[PDB]
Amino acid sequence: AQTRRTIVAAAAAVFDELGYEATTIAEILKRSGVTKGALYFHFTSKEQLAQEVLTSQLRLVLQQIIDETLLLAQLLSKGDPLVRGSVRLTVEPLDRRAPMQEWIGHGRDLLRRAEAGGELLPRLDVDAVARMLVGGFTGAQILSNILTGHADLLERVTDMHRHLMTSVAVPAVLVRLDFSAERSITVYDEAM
């Protein structure tokens, strides 16, 4: 039985529900419905639980970028506890640095590959751009939440991404990228 699955989906839901701080291993157990000992060779402290939550979910390679971005929006917009938990921990006022750097690094690795394929406009700081993509996502995601409770998330995230790519992708490539809901739902139905 893979019940380390079961744990983290309670860990996340709870972290999502209260903060890092008001979350207790005790509440995790009570919710995971799992064993006291089970938890402990798996993860040590509450700290480790959170870290798992932050980094977990984390042709044309620019399409992959898009696809991962829209995937986040999808899970997020449908209360995927895993993702909501990582979003709640990412933001609120625990080491936040190391999961964010790995998030950005994931972006840098994908841009590097697209560079080597000629997909990007010359002179781009591949580090700076990775940071914009994650930020653009993070900003739209917060606003959409405040302004409409995530109802417009998809649209807002897509907007933000589409608009940014205009200065990142070479024309011949920009016009071939697919930001459609059709695709994005396909990619989501995929990873379940």
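One-based numbering along the sequence shown.
Per the record, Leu58 and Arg59 are separated by a gap of 4 to 9 residues from the deposited sequence that were not modelled.
The stretch of deposited sequence separating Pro93 from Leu94 contains 4 to 9 residues lacking coordinates in this entry.
Legend: mean Cα B-factor per stretch from the PDB entry, 173-181 versus 13-21; the higher mean is in 13-21. Look at the mean CA B-factor for 35-43 and for 152-160 in the entry; the higher one is 35-43. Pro81 sits in the highest third of its chain by CA B factor, as recorded in the PDB entry.
In the deposited entry, the Cα temperature factor of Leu49 sits in the top third of values across the chain's modelled residues.
Compared with the other modelled residues of the chain, the Cα B-factor recorded for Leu121 ranks in the lowest third. Placement of the Cα temperature factor of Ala98 within the chain: highest third of the modelled residues, per the deposited record.
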